[PDB]
Structure formats: structure tokens, C-alpha cells
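S.K.: start13.txt (compact mmCIF, N, CA and C atoms and all ligand atoms) pasted underneath:
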```
# COMPACT_ATOMS: atom_id res chain seq x y z
N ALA A 1 166.10 124.57 99.15
CA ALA A 1 166.27 124.44 97.71
C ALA A 1 167.75 124.44 97.32
N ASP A 2 168.08 123.74 96.23
CA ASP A 2 169.44 123.71 95.72
C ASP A 2 169.62 124.78 94.64
N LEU A 3 170.85 124.86 94.10
CA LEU A 3 171.20 125.96 93.22
C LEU A 3 170.36 125.95 91.95
N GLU A 4 170.04 124.75 91.45
CA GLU A 4 169.22 124.65 90.25
C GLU A 4 167.81 125.19 90.49
N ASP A 5 167.21 124.88 91.65
CA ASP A 5 165.89 125.42 91.98
C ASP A 5 165.93 126.94 92.08
N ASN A 6 166.99 127.47 92.69
CA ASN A 6 167.13 128.92 92.80
C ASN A 6 167.23 129.57 91.43
N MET A 7 167.92 128.91 90.49
CA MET A 7 168.09 129.52 89.17
C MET A 7 166.77 129.52 88.40
N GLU A 8 166.03 128.42 88.46
CA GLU A 8 164.72 128.41 87.83
C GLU A 8 163.79 129.43 88.48
N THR A 9 163.92 129.64 89.79
CA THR A 9 163.12 130.67 90.45
C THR A 9 163.50 132.06 89.94
N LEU A 10 164.80 132.33 89.77
CA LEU A 10 165.21 133.61 89.22
C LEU A 10 164.70 133.78 87.79
N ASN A 11 164.81 132.73 86.99
CA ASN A 11 164.40 132.77 85.60
C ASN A 11 162.90 132.98 85.47
N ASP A 12 162.12 132.24 86.26
CA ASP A 12 160.66 132.30 86.18
C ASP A 12 160.14 133.66 86.61
N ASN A 13 160.68 134.20 87.70
CA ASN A 13 160.18 135.47 88.20
C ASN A 13 160.64 136.64 87.36
N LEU A 14 161.81 136.53 86.71
CA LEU A 14 162.17 137.54 85.72
C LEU A 14 161.14 137.58 84.59
N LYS A 15 160.64 136.42 84.17
CA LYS A 15 159.60 136.38 83.14
C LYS A 15 158.27 136.93 83.68
N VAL A 16 157.94 136.62 84.93
CA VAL A 16 156.76 137.20 85.57
C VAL A 16 156.85 138.72 85.55
N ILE A 17 158.03 139.26 85.90
CA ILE A 17 158.22 140.70 85.94
C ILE A 17 157.99 141.31 84.56
N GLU A 18 158.51 140.66 83.51
CA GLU A 18 158.40 141.23 82.18
C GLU A 18 156.96 141.25 81.69
N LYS A 19 156.15 140.30 82.13
CA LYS A 19 154.75 140.22 81.74
C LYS A 19 153.82 140.85 82.76
N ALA A 20 154.34 141.45 83.82
CA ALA A 20 153.50 141.96 84.89
C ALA A 20 152.60 143.09 84.41
N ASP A 21 151.44 143.21 85.05
CA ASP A 21 150.47 144.25 84.71
C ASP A 21 150.43 145.38 85.73
N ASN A 22 151.11 145.25 86.87
CA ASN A 22 151.26 146.37 87.79
C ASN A 22 152.53 146.17 88.61
N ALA A 23 152.87 147.20 89.39
CA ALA A 23 154.13 147.21 90.12
C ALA A 23 154.10 146.29 91.34
N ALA A 24 152.93 146.06 91.93
CA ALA A 24 152.88 145.10 93.02
C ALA A 24 153.24 143.70 92.52
N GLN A 25 152.76 143.35 91.33
CA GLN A 25 153.18 142.10 90.70
C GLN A 25 154.69 142.04 90.52
N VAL A 26 155.29 143.15 90.08
CA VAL A 26 156.74 143.21 89.94
C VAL A 26 157.40 143.11 91.30
N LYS A 27 156.89 143.86 92.28
CA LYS A 27 157.42 143.81 93.64
C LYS A 27 157.43 142.39 94.16
N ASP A 28 156.35 141.65 93.90
CA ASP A 28 156.23 140.30 94.45
C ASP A 28 157.23 139.35 93.82
N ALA A 29 157.41 139.42 92.50
CA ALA A 29 158.40 138.58 91.83
C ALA A 29 159.82 138.93 92.28
N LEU A 30 160.07 140.21 92.51
CA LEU A 30 161.40 140.65 92.92
C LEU A 30 161.76 140.11 94.29
N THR A 31 160.79 140.05 95.21
CA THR A 31 161.07 139.51 96.54
C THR A 31 161.40 138.02 96.47
N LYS A 32 160.67 137.27 95.63
CA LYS A 32 161.01 135.87 95.41
C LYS A 32 162.43 135.75 94.83
N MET A 33 162.80 136.66 93.93
CA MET A 33 164.14 136.61 93.33
C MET A 33 165.21 136.96 94.35
N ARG A 34 164.91 137.91 95.23
CA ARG A 34 165.84 138.24 96.31
C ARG A 34 166.11 137.01 97.17
N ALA A 35 165.04 136.37 97.66
CA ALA A 35 165.18 135.13 98.42
C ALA A 35 166.04 134.11 97.67
N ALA A 36 165.71 133.86 96.40
CA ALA A 36 166.43 132.86 95.62
C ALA A 36 167.91 133.22 95.48
N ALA A 37 168.23 134.51 95.34
CA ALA A 37 169.62 134.93 95.17
C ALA A 37 170.42 134.67 96.44
N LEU A 38 169.88 135.05 97.60
CA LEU A 38 170.60 134.83 98.85
C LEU A 38 170.78 133.35 99.13
N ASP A 39 169.74 132.54 98.86
CA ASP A 39 169.89 131.09 98.96
C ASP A 39 171.01 130.60 98.05
N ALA A 40 170.98 130.99 96.77
CA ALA A 40 171.99 130.52 95.82
C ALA A 40 173.39 130.93 96.24
N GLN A 41 173.51 132.09 96.90
CA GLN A 41 174.80 132.58 97.38
C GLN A 41 175.48 131.62 98.36
N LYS A 42 174.73 130.70 98.97
CA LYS A 42 175.28 129.79 99.96
C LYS A 42 175.67 128.44 99.38
N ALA A 43 175.45 128.24 98.08
CA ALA A 43 175.73 126.98 97.43
C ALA A 43 177.12 126.99 96.82
N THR A 44 177.60 125.80 96.52
CA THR A 44 178.83 125.65 95.78
C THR A 44 178.46 125.21 94.38
N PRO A 45 178.71 126.02 93.35
CA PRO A 45 178.37 125.61 92.00
C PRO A 45 179.22 124.43 91.57
N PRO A 46 178.66 123.51 90.77
CA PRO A 46 179.41 122.28 90.46
C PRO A 46 180.78 122.53 89.86
N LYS A 47 180.95 123.60 89.08
CA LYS A 47 182.23 123.86 88.45
C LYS A 47 183.30 124.19 89.47
N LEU A 48 182.91 124.70 90.64
CA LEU A 48 183.86 125.08 91.68
C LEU A 48 183.87 124.09 92.84
N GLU A 49 183.44 122.85 92.61
CA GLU A 49 183.20 121.93 93.71
C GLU A 49 184.50 121.48 94.37
N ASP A 50 185.59 121.48 93.62
CA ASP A 50 186.89 121.10 94.17
C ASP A 50 187.81 122.31 94.35
N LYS A 51 187.24 123.50 94.44
CA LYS A 51 187.96 124.68 94.88
C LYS A 51 187.79 124.87 96.39
N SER A 52 188.71 125.62 96.98
CA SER A 52 188.59 125.92 98.40
C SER A 52 187.37 126.81 98.62
N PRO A 53 186.62 126.59 99.70
CA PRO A 53 185.51 127.50 100.03
C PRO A 53 185.95 128.94 100.22
N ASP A 54 187.21 129.17 100.57
CA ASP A 54 187.75 130.52 100.69
C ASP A 54 188.40 131.00 99.39
N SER A 55 188.26 130.26 98.29
CA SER A 55 188.99 130.60 97.08
C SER A 55 188.51 131.94 96.52
N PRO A 56 189.35 132.62 95.74
CA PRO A 56 188.88 133.83 95.05
C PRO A 56 187.69 133.57 94.14
N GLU A 57 187.63 132.38 93.53
CA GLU A 57 186.48 132.05 92.69
C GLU A 57 185.21 131.96 93.52
N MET A 58 185.28 131.29 94.68
CA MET A 58 184.09 131.18 95.50
C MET A 58 183.65 132.53 96.05
N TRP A 59 184.59 133.45 96.32
CA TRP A 59 184.18 134.78 96.79
C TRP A 59 183.60 135.62 95.66
N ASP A 60 184.15 135.48 94.46
CA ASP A 60 183.61 136.16 93.30
C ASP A 60 182.19 135.68 93.00
N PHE A 61 181.98 134.36 93.05
CA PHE A 61 180.65 133.79 92.93
C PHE A 61 179.69 134.40 93.94
N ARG A 62 180.06 134.42 95.22
CA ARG A 62 179.15 134.96 96.24
C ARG A 62 178.88 136.44 96.01
N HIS A 63 179.91 137.19 95.60
CA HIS A 63 179.74 138.63 95.39
C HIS A 63 178.88 138.95 94.18
N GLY A 64 178.88 138.10 93.16
CA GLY A 64 177.93 138.30 92.08
C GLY A 64 176.49 138.34 92.58
N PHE A 65 176.18 137.56 93.62
CA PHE A 65 174.83 137.60 94.16
C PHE A 65 174.57 138.85 94.98
N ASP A 66 175.60 139.39 95.65
CA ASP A 66 175.44 140.67 96.34
C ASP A 66 175.05 141.76 95.37
N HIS A 67 175.72 141.82 94.22
CA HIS A 67 175.38 142.84 93.24
C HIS A 67 174.01 142.58 92.64
N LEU A 68 173.65 141.31 92.41
CA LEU A 68 172.32 141.01 91.91
C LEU A 68 171.25 141.49 92.88
N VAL A 69 171.48 141.28 94.18
CA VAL A 69 170.54 141.70 95.21
C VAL A 69 170.43 143.22 95.26
N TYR A 70 171.57 143.90 95.22
CA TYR A 70 171.57 145.36 95.08
C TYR A 70 170.66 145.81 93.94
N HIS A 71 170.80 145.18 92.77
CA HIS A 71 169.97 145.53 91.62
C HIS A 71 168.51 145.21 91.88
N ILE A 72 168.24 144.04 92.48
CA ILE A 72 166.87 143.68 92.84
C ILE A 72 166.28 144.70 93.80
N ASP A 73 167.10 145.19 94.75
CA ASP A 73 166.62 146.16 95.74
C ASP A 73 166.34 147.51 95.10
N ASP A 74 167.11 147.88 94.08
CA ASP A 74 166.80 149.10 93.34
C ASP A 74 165.52 148.94 92.53
N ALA A 75 165.31 147.77 91.92
CA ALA A 75 164.04 147.55 91.23
C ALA A 75 162.87 147.57 92.20
N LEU A 76 163.09 147.08 93.43
CA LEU A 76 162.02 147.04 94.41
C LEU A 76 161.59 148.45 94.82
N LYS A 77 162.56 149.37 94.92
CA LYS A 77 162.26 150.76 95.23
C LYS A 77 161.27 151.35 94.23
N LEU A 78 161.52 151.12 92.94
CA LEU A 78 160.62 151.60 91.89
C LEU A 78 159.27 150.90 91.95
N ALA A 79 159.27 149.60 92.25
CA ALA A 79 158.01 148.88 92.35
C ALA A 79 157.17 149.39 93.51
N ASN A 80 157.80 149.64 94.66
CA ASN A 80 157.08 150.18 95.82
C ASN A 80 156.50 151.56 95.55
N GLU A 81 157.13 152.34 94.67
CA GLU A 81 156.62 153.65 94.28
C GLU A 81 155.55 153.58 93.21
N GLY A 82 155.16 152.38 92.77
CA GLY A 82 154.12 152.25 91.78
C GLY A 82 154.53 152.52 90.35
N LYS A 83 155.83 152.61 90.05
CA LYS A 83 156.31 152.89 88.69
C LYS A 83 156.59 151.58 87.97
N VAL A 84 155.55 150.99 87.39
CA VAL A 84 155.66 149.64 86.86
C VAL A 84 156.70 149.57 85.74
N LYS A 85 156.69 150.54 84.82
CA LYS A 85 157.57 150.45 83.64
C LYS A 85 159.03 150.63 84.02
N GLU A 86 159.32 151.62 84.87
CA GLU A 86 160.69 151.84 85.30
C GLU A 86 161.22 150.66 86.09
N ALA A 87 160.37 150.07 86.94
CA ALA A 87 160.79 148.90 87.72
C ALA A 87 161.09 147.71 86.81
N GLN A 88 160.30 147.54 85.76
CA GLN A 88 160.56 146.46 84.81
C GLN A 88 161.89 146.68 84.08
N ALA A 89 162.16 147.92 83.66
CA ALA A 89 163.44 148.18 83.01
C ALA A 89 164.59 147.96 83.98
N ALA A 90 164.40 148.35 85.23
CA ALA A 90 165.36 148.05 86.28
C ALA A 90 165.61 146.55 86.39
N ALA A 91 164.55 145.75 86.32
CA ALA A 91 164.71 144.30 86.40
C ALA A 91 165.50 143.76 85.20
N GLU A 92 165.28 144.31 84.01
CA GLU A 92 166.05 143.89 82.83
C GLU A 92 167.55 144.13 83.00
N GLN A 93 167.93 145.14 83.79
CA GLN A 93 169.36 145.37 84.03
C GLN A 93 170.05 144.18 84.68
N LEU A 94 169.29 143.31 85.35
CA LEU A 94 169.88 142.11 85.94
C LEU A 94 170.50 141.21 84.89
N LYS A 95 169.95 141.19 83.68
CA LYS A 95 170.29 140.13 82.74
C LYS A 95 171.79 140.06 82.47
N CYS A 96 172.47 141.21 82.29
CA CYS A 96 173.90 141.12 81.98
C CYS A 96 174.67 140.53 83.16
N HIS A 97 174.18 140.75 84.38
CA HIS A 97 174.86 140.18 85.54
C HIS A 97 174.56 138.70 85.68
N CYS A 98 173.33 138.26 85.36
CA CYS A 98 173.10 136.83 85.20
C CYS A 98 174.14 136.25 84.25
N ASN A 99 174.27 136.88 83.08
CA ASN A 99 175.11 136.34 82.03
C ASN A 99 176.58 136.33 82.43
N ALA A 100 177.05 137.37 83.12
CA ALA A 100 178.48 137.42 83.45
C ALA A 100 178.87 136.31 84.42
N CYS A 101 178.02 136.02 85.41
CA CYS A 101 178.34 134.91 86.29
C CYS A 101 178.25 133.57 85.56
N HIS A 102 177.26 133.41 84.68
CA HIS A 102 177.18 132.18 83.90
C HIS A 102 178.45 131.96 83.10
N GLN A 103 178.94 133.01 82.44
CA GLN A 103 180.14 132.87 81.62
C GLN A 103 181.30 132.35 82.43
N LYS A 104 181.38 132.71 83.71
CA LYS A 104 182.49 132.25 84.53
C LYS A 104 182.24 130.88 85.15
N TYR A 105 181.01 130.60 85.60
CA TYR A 105 180.77 129.51 86.54
C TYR A 105 179.66 128.54 86.19
N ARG A 106 178.94 128.75 85.09
CA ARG A 106 177.84 127.84 84.79
C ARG A 106 178.45 126.48 84.46
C1 LIG B 201 176.47 133.61 89.91
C2 LIG B 201 176.74 134.82 90.84
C3 LIG B 201 175.09 133.64 89.19
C4 LIG B 201 174.22 134.65 88.92
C5 LIG B 201 174.18 136.14 89.34
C6 LIG B 201 173.11 134.09 88.18
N1 LIG B 201 173.35 132.75 87.97
FE1 LIG B 201 172.16 131.48 86.93
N2 LIG B 201 173.50 129.95 87.23
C7 LIG B 201 174.68 130.07 87.95
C8 LIG B 201 175.33 128.79 88.00
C9 LIG B 201 176.66 128.43 88.71
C10 LIG B 201 174.45 127.84 87.22
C11 LIG B 201 174.69 126.33 87.00
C12 LIG B 201 173.70 125.71 87.98
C13 LIG B 201 174.09 124.30 88.33
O1 LIG B 201 173.59 123.80 89.38
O2 LIG B 201 174.90 123.71 87.56
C14 LIG B 201 173.34 128.63 86.78
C15 LIG B 201 172.30 128.15 86.02
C16 LIG B 201 171.22 128.88 85.63
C17 LIG B 201 170.10 128.35 84.88
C18 LIG B 201 170.00 126.87 84.44
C19 LIG B 201 169.47 126.09 85.65
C20 LIG B 201 169.40 124.61 85.40
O3 LIG B 201 168.27 124.07 85.29
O4 LIG B 201 170.47 123.96 85.33
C21 LIG B 201 169.22 129.33 84.71
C22 LIG B 201 167.87 129.24 83.97
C23 LIG B 201 169.76 130.53 85.33
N3 LIG B 201 170.99 130.21 85.88
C24 LIG B 201 169.14 131.77 85.36
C25 LIG B 201 169.65 132.92 85.94
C26 LIG B 201 169.03 134.24 85.92
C27 LIG B 201 167.70 134.57 85.20
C28 LIG B 201 169.84 135.08 86.60
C29 LIG B 201 169.70 136.60 86.86
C30 LIG B 201 168.34 136.96 87.53
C31 LIG B 201 170.96 134.31 87.06
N4 LIG B 201 170.82 133.00 86.65
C32 LIG B 201 172.02 134.81 87.79
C33 LIG B 201 175.17 131.22 88.56
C34 LIG B 201 174.57 132.45 88.56
V V B 202 175.19 146.45 87.89
```
Could you rewrite the structure in this file as C-alpha cells?
Ligand code: HEC
Ligand SMILES: [V+3]
M.R.:
Amino acid sequence: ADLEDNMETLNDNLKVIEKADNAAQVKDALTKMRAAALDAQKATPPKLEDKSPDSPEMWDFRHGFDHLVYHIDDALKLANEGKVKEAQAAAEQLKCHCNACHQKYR
């Protein structure tokens, strides 16, 4: 999948999480989001296409996904413990990090 597919996967599963009826449903969407984040971490966003692959911008882009995954992994901990509401609030914490990378690189 390309970066656009990964973003729609992140967007769709965040909506799945918000509408979920139990924590296993949240757990399942979070794992799909984890996969999509690591995949997206390997892409070059179009705005940075003529930057060096070693550029500070490209490393900042990749590191935004590391922090997103960290957050996804914390939400997964709550989902595995059966705490549906806390895991959902944990998933909402992702949104500002989605937004901060978009502001720089969308
Ligand atoms: C950088 C570390 C990002 C993080 C974290 C998130 N997104 Fe993102 N997103 C990013 C880029 C560079 C782009 C442009 C994609 C392109 O190919 O030009 C996007 C785009 C989106 C979109 C629009 C996709 C499209 O059809 O063009 C969506 C819906 C989207 N992003 C959602 C999204 C969500 C929900 C995130 C947090 C879970 C998130 N993104 C994080 C870069 C980054
Ligand atoms: V954070």
C-alpha cells in the first residue's frame, strides 16, 4: 500500500474505534492502525519528494510515526485489559499527533 492508502486506513480505523462496542473491537482497529503507521513510515510524502532521504525533515516525518505507534501501543494495553472507554480515550489522543504531522508535511 502507498501513503494515501495508509492514511485512509488510519482514518477509517480511528472511526471504528470511536464507534466500537467492546475493547476487542478497539484492539483490532488499533492493530490495523499500527500496521498502517509502520508502512507509512517507509514512504516519502510528496511534499518532501525532492529532499534528501537523510534530511532532518524526512527523519522528523519518520519519528512522528514512532510516537504514533507508541500511542497506539498504549491504547492497545488498555484494550487488552478490556477497558473499552479508557482505550477509546487513549485512541483520541492520537488526533493531535495526526494533526501536527499534517501541518508540517501534508
Ligand atoms: C506524519 C508523521 C503523519 C502522521 C502521524 C499522520 N499523517 Fe495523515 N498524512 C500525512 C501526509 C504526509 C499526508 C498526505 C498524503 C499524501 O500522499 O499526499 C497525509 C494525509 C492524510 C489523509 C488524507 C489522505 C488522502 O486521501 O490524501 C488522511 C485522511 C490522514 N492523513 C489521516 C491521518 C490520521 C487519522 C492520522 C492519525 C491516526 C494521521 N493521518 C497521522 C502524514 C501523517
Ligand atoms: V503524545
S.K.: Looking at only C-alpha atoms, which of A:76, A:8, A:22, A:105 is the one that sits closest to residue 60 (chain A)?
M.R.: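 Closest to residue 60 (chain A) of all the choices is A:105.
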S.K.: To one decimal place, how far is CA of residue 37 (chain A) from atom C32 of ligand LIG 201 (chain B) in Å?
M.R.: 7.8 Å
S.K.: Within 8 Å of ligand LIG 201 (chain B), which residues of chain A come that close, and what is the closest atom pair and distance in Å for each? Count only N, CA and C atoms and all ligand atoms and give it as a Markdown table.
M.R.:
```
| residue | atom | partner | partner_atom | distance |
| --- | --- | --- | --- | --- |
| A:2 | C | B:LIG201 | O1 | 6.7 |
| A:3 | C | B:LIG201 | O1 | 4.7 |
| A:4 | N | B:LIG201 | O1 | 4.2 |
| A:5 | N | B:LIG201 | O3 | 6.5 |
| A:6 | C | B:LIG201 | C23 | 6.7 |
| A:7 | CA | B:LIG201 | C23 | 4.3 |
| A:8 | N | B:LIG201 | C22 | 4.9 |
| A:9 | C | B:LIG201 | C27 | 6.8 |
| A:10 | C | B:LIG201 | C27 | 4.0 |
| A:11 | CA | B:LIG201 | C27 | 3.8 |
| A:12 | N | B:LIG201 | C27 | 6.1 |
| A:13 | N | B:LIG201 | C27 | 7.5 |
| A:14 | CA | B:LIG201 | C27 | 6.3 |
| A:15 | N | B:LIG201 | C27 | 7.4 |
| A:33 | CA | B:LIG201 | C30 | 7.2 |
| A:37 | CA | B:LIG201 | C5 | 7.5 |
| A:40 | C | B:LIG201 | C2 | 7.5 |
| A:41 | CA | B:LIG201 | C2 | 7.2 |
| A:44 | C | B:LIG201 | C9 | 6.8 |
| A:45 | CA | B:LIG201 | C9 | 4.7 |
| A:46 | N | B:LIG201 | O2 | 4.9 |
| A:47 | N | B:LIG201 | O2 | 6.2 |
| A:48 | N | B:LIG201 | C9 | 7.5 |
| A:60 | C | B:LIG201 | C2 | 5.9 |
| A:61 | C | B:LIG201 | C2 | 4.3 |
| A:62 | N | B:LIG201 | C2 | 5.5 |
| A:63 | C | B:LIG201 | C2 | 5.7 |
| A:64 | CA | B:LIG201 | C2 | 3.9 |
| A:65 | N | B:LIG201 | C2 | 3.9 |
| A:66 | N | B:LIG201 | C2 | 6.7 |
| A:67 | C | B:LIG201 | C5 | 7.2 |
| A:68 | CA | B:LIG201 | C5 | 5.8 |
| A:69 | N | B:LIG201 | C5 | 7.6 |
| A:91 | C | B:LIG201 | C30 | 7.7 |
| A:93 | C | B:LIG201 | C29 | 7.9 |
| A:94 | C | B:LIG201 | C29 | 5.1 |
| A:95 | CA | B:LIG201 | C29 | 5.5 |
| A:96 | N | B:LIG201 | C29 | 7.1 |
| A:97 | C | B:LIG201 | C5 | 4.5 |
| A:98 | CA | B:LIG201 | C32 | 3.5 |
| A:99 | N | B:LIG201 | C32 | 5.6 |
| A:100 | C | B:LIG201 | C1 | 6.6 |
| A:101 | CA | B:LIG201 | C1 | 4.3 |
| A:102 | N | B:LIG201 | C34 | 4.8 |
| A:103 | N | B:LIG201 | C33 | 7.4 |
| A:104 | C | B:LIG201 | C9 | 7.1 |
| A:105 | C | B:LIG201 | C9 | 3.9 |
| A:106 | CA | B:LIG201 | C11 | 4.1 |
```
S.K.: When you draw a straight line from atom N of residue 20 (chain A) to CA of residue 71 (chain A), how long is it in Å?
M.R.: 17.9 Å
S.K.: To one decimal place, how far is CA of residue 34 (chain A) from CA of residue 21 (chain A) in Å?
M.R.: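 Between CA of residue 34 (chain A) and CA of residue 21 (chain A) the gap works out to 20.2 Å.
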S.K.: Check the smallest atom-to-atom distance from each of A:31, A:74, A:82, A:88 to ligand V 202 (chain B) using only C-alpha atoms and all ligand atoms, then report the winner.
M.R.: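 For ligand V 202 (chain B), the nearest of the candidates is A:74.
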S.K.: Pick out the closest residue to residue 72 (chain A) from this set: A:90, A:16, A:43, A:23. Count only N, CA and C atoms.
M.R.: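 That would be A:90, the residue with the smallest distance to residue 72 (chain A).
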S.K.: Give as a PyMOL selection string the set of residues within 8 Å of the point (159.6, 145.4, 96.7), where distances use the file's coordinates and only N, CA and C atoms.
M.R.: chain A and resi 23-24+26-31+72-73+75-81
S.K.: So that all listed atoms of region 20-33 of chain A fit with 6 Å spare on each side, what axis-aligned box centre and edge lengths in Å, to one decimal, would you give as AutoDock Vina command-line options?
M.R.:
```
--center_x 157.8 --center_y 141.5 --center_z 90.2 --size_x 26.8 --size_y 23.5 --size_z 24.7
```
